[PDB]
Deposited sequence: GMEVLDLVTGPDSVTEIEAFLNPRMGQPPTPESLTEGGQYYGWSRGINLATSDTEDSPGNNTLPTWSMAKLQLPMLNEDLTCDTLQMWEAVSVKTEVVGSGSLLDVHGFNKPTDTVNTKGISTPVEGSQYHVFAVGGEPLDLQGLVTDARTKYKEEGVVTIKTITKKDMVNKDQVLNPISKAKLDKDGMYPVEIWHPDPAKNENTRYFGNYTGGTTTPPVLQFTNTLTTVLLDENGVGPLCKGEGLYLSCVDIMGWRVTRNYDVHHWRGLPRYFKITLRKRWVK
């Protein structure tokens, strides 16, 4: 599919597919038990801090990771073949209204009397989505190349290189690249969309920092994101696979015990419109 030709016409030349991607904040979907850890699903476990300038060992279940799904498209296939082309996406982050629960057991707004309301989710927020015809290309970049990430259960820079991180990993080191090929495995504090690749994926991201920052979110079923490039060509789905990637961090809740923070994430809906494209 090097040369892109005419749009395919006729019955079933256009298709629409939908999916939701649940957040991957740290606690896995199982155990389902609401006493055995399932109560943290949708959240991270309590963020654990470095014990010195040289001893930073975050728990896997404290690190939000990328969500991803590979969706199978209808079968297609002569020198001239057909590919599915992603034209547009309607995407929405669902559940912001749930943050209006200020009646729980979080750190209260009046700490003097332990009264007021249960402090709502606040702070650093991170929203990225991508739609592509192959896995999202990732570029590694970390706060601290000395961070001692677990070897098992997360894919980190050392997983790829088979070597410890180097100081260049705190800036742009082109050696430290990966592909988003697994859900709930690639930490978002390590792996970023690679602007030097991703020719066949469109991604859109934003970051707002701070500690008590009010979370902001909009949602509507009326907004379409066009995925066509400058030449009018959308992502082309290699082997009829469509890749969806996202992360939607709303901030942290804070407990009444030593200000322990838990990340909060929300699920993202995708509705992708695709059309068949003649290719050579």
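Unmodelled region of the deposited sequence, numbered from residue 1: 78 to 81 only.
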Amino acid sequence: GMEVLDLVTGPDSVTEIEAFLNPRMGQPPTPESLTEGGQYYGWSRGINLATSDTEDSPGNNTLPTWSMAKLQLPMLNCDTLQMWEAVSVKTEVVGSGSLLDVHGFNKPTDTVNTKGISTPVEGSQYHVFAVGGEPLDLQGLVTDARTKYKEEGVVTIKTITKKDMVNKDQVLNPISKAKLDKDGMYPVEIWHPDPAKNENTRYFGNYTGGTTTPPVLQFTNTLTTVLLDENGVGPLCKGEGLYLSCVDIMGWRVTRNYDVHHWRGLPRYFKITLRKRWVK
From here on, numbers count along this sequence of modelled residues.
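Only the largest set of C-alpha atoms that superpose within 1.5 Å between the two forms is called the rigid core.
After superposing on the rigid core, the larger RMS C-alpha deviation in 4 other deposited structures of this protein belongs to 232 to 240, the other candidate being whichever of 44 to 52 and 232 to 240 remains.
Once the C-alpha B-factors are averaged per stretch, 168 to 176 and 145 to 153 rank with 145 to 153 first.
In this entry, the higher average B-factor at the C-alpha atoms falls on 235 to 243, of the pair 235 to 243 and 218 to 226. Of the candidates 89, 83, 130, 93, the PDB record gives 83 the highest C-alpha temperature factor. Based on the entry's C-alpha B-factors, the most elevated value among 189, 194, 79, 101 belongs to 79. Residue 248 sits in the lowest third of its chain by CA B factor, as recorded in the PDB entry. Per-chain ranking of the deposited C-alpha B factor places residue 162 in the highest third. In the PDB entry, residue 209 places in the lowest third of its chain by CA B-factor. Residue-level temperature factors show residue 31 in the highest third of its chain, judged at the C-alpha atom.
When all modelled residues of the chain are sorted by CA temperature factor, residue 185 is found within the middle third.
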